[PDB]
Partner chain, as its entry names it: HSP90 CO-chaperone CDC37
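Starting off, we have a lone chain in the form deposited without its partner chain, written out as structure tokens.
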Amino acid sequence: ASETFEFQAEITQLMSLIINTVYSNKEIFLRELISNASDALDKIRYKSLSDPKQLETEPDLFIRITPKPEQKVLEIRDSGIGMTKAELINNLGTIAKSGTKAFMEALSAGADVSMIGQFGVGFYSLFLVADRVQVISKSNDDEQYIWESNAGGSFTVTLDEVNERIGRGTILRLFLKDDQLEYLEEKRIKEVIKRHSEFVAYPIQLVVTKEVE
């Protein structure tokens, strides 16, 4: 059974603002999610300095992007620290985020939407290209859980009994908007990645599917 939680009011406002904005540089969402992925990998690496066993659940440290055309889904995965059930509820919704209102006010003043990451709310930039998202996470400290949101005022968290097992890490499963399907294309994904992410310490793997000739 899934559990439902209410988003902190300002986060709901931010999501409404982002999913509805006609901003032109929507591709910035990838830079933000890749940055969050890198941060998660930094955390597990750092924790492992004094607790090496933490790495054993998934020795490979990577960022992986997997387009799923049929389902019109784009997945951004990392083998970082991951999030326990409590962290998913805490970090992605119920607790007030310092930069939320600040960013919205900056936006009103004319600030570029690309500043979202500097305000600490880059995760929500995903709503620039997706109308729904499932965050699948496995922290060494908990079971695998699924957090899901459609930019509405509430989200759900469910023990994961339906997705592939993640050794450790997080998968941002984006259900792309009908007019943003270009982010399923290899060429497009490649140019966006090369553009705003040259100094990422981890390999960024793109999963490509080709018909054998």
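Numbering follows the first chain given and starts at 1. Shifts are known only where both forms have a C-alpha. If you superpose the two forms and keep the largest set of C-alpha atoms that fall within 1.5 Å, you have the rigid core.
As for the form solved in complex with its partner chain, it is not shown, yet the points below apply to it.
Taken together, 82, 86 and 95 are entirely out of contact with its partner chain in the bound PDB entry: none brings a heavy atom within 4.5 Å.
Of the heavy atoms in residue 148, none are within 4.5 Å of its partner chain in the bound PDB entry. Contact check for residue 35: a non-hydrogen atom falls within 4.5 Å of its partner chain in the bound PDB entry. Not displayed here, its partner chain is approached by residue 105 to within 4.5 Å at the level of heavy atoms in the bound PDB entry. Remark: residue 118 counts among the residues lining its partner chain in the bound PDB entry, judged by a heavy atom distance of 4.5 Å or less. Core-superposed comparison between this form and the one not shown: among 132, 85, 97, 77, the single residue whose C-alpha moves by 2 Å or more is 97. Comparing the shared residues between this form and the one not shown on a common core, the stretches of 3 or more consecutive C-alphas each displaced by at least 2 Å are 94-97, 108-110, listed in sequence order.
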